[PDB]
Structure formats: structure tokens, C-alpha cells
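Read the single chain below, which is given as C-alpha cells and is the form deposited in one PDB entry.
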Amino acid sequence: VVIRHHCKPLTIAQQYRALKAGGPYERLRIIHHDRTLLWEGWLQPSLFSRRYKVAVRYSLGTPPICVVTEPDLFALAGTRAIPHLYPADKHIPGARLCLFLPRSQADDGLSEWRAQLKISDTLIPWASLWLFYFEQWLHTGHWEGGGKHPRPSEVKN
């Protein structure tokens, strides 16, 4: 969307008020001397879907990270390669989920998620949208969703 560039990455305090308004959250913390923002809760992809716990981390100047802890997802995987996982997060346990497109590939220079957007606006809807296509990957054997580019040499990291 063509918007003025006067908008700037909001600070942690403004992002803090966003999460409490929407949805039920178990905890909402500020750690590392107000550096980091943490959110946890239970997300259900559909009416018959399972129960999922999701964690979101953010620091100013760094892209957000989405990590899903429970269930383990690897017992459900059955050691077959789960698609769409970033490198593991050492401090926070659980699989890490890639749910955006970084700045390098985007030609306009505007990432699909930017610091202007509130954390609650897209990070959870995308993560929930990620979980919906995950179960449909099973029972079909195919990732019937928006796939990544057939990268010849690029590493996207």
C-alpha cells in the first residue's frame, strides 16, 4: 500500500496495548529491561482442529519470531520433514515458524510485515493461517498453499 514514509517503527510501549484488546492471552511480559515483548495463548485453527500454544517475540530493530511449543509437533510429524521452519530458537523451546517474507527479496523495499503494523494485526492471523495449512499437509502429502520460490542459489538468510 502506497503510504507516506513519515510513519516510523513504533516503540515497545505502543505495541504493548495492542495485544490486550484482542483475544485471550495467558501472559504479556516485558523483559530485558523493556527490550522484549512476549505473548502466549491458545489458538484453534478450526472447529474440529487441535489445541495449539503460540509464542511471539520481538525487539526493536529485529524481525519478530513466532514459536509454537505445545504440542511437540514432531511426534505428530513422524520424523518426516515438516515444511516451512526457520532455524531453531535456542532460548525458547519448540519449532519455529516462518510466516512472512524478509526485506531482501522484496523489491519495493517494503516487507510484507513491517514495524508500522501492530503485532496483533497480522502475526497471529498468519500463524493461525499457518496452522490451518499444516494439518492439511498431512492426509494429503502435499503443501496445498502458497509455496516458496524454487530458489536456484539464494539462501534467504
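All residue numbers are counted from 1 along the displayed sequence. So that the term is clear: the rigid core is the largest set of C-alpha atoms that superpose within 1.5 Å between two forms. Residues that one form lacks are left out of the comparison.
The same protein also exists as the form deposited in another entry; that form is not shown, yet it is the one meant from here on.
Large C-alpha shift between the shown form and the other one, rigid core held fixed: of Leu28, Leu101, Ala88, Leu129, this applies to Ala88 alone, with a displacement of 2 Å or more. Taking the rigid core as fixed, one finds a CA shift for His142 smaller than 2 Å between the shown form and the other one. The pair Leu101 and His84 is looser in that other deposited form: their Cα-Cα distance rises by no less than 3 Å compared with this form. Between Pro152 and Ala95, the C-alpha separation shrinks by 3 Å or more in that other deposited form, relative to the conformation displayed.
Listed in sequence order, the shifted runs between the shown form and the other one are 1-4, 82-89, 149-157, counting only residues present in both forms whose C-alphas move 2 Å or more over at least three consecutive positions once the core is aligned.
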